[PDB]
C-alpha cells in the first residue's frame, strides 16, 4: 500500500532557488505529486504547524524562520513518510548523511531547506492543515508497473 506525506520547502529553499532540484529528488523515485501549492506562511498557521512545541522558548524563532514563501507538497509512495525523512537527512545538516538533501545543500538546522512529516499521525494532521481535500489530486502514474512490485 502507498501512503502520503506532507513535505514543505521552507523560505530558504525558495530564496536559494532550488525548488526544482528538491522536487526532482522525489520524482526520481517514482513518488507521485498529489498536491502542490505556493503560499506565504504566516504566524497563525505556523503556530498550528508547530503545535507540538507550544510554550517552548524556541518556538518564536522557529516561526520567524518560516515566515515567508513556502511550497506545500504532498507526495505518494510506498513507505514515503519514513523514506522522505531518510532523504531529507538529520535535522542538523552537519550530522546528515552525504546524499541527503540537508547534507548536500545546508549548514545549520535553522536553515535546513525542507520540512517533512515525522509519522503517519503528523502527516494526516499536516496535510489537513495546509490543504483542503479538494486540492488533493488522484491519478495513476503511467510507469506504475515498473515502479511497484
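C-alpha atoms forming the largest set that superposes within 1.5 Å between two forms make up the rigid core. Residue numbers count along the first chain shown, from 1.
- Of the two stretches examined, 54-62 and 81-89, the one with higher mean CA deviation in 8 other deposited structures of this protein after a rigid core fit is 54-62.
- Taking the mean C-alpha B-factor of each stretch as recorded, 41-49 and 23-31 are not equal, and the higher mean is that of 41-49.
- When the two stretches 6-14 and 123-131 are set side by side, the higher mean Cα temperature factor goes to 123-131.
- Highest CA B-factor among the listed residues (96, 84, 70, 59): 59.
- Of the candidates 63, 113, 80, 36, it is 63 whose Cα B-factor is highest according to the PDB record.
- Among all modelled residues in this chain, the alpha-carbon of residue 92 has a temperature factor (C-alpha) in the middle third.
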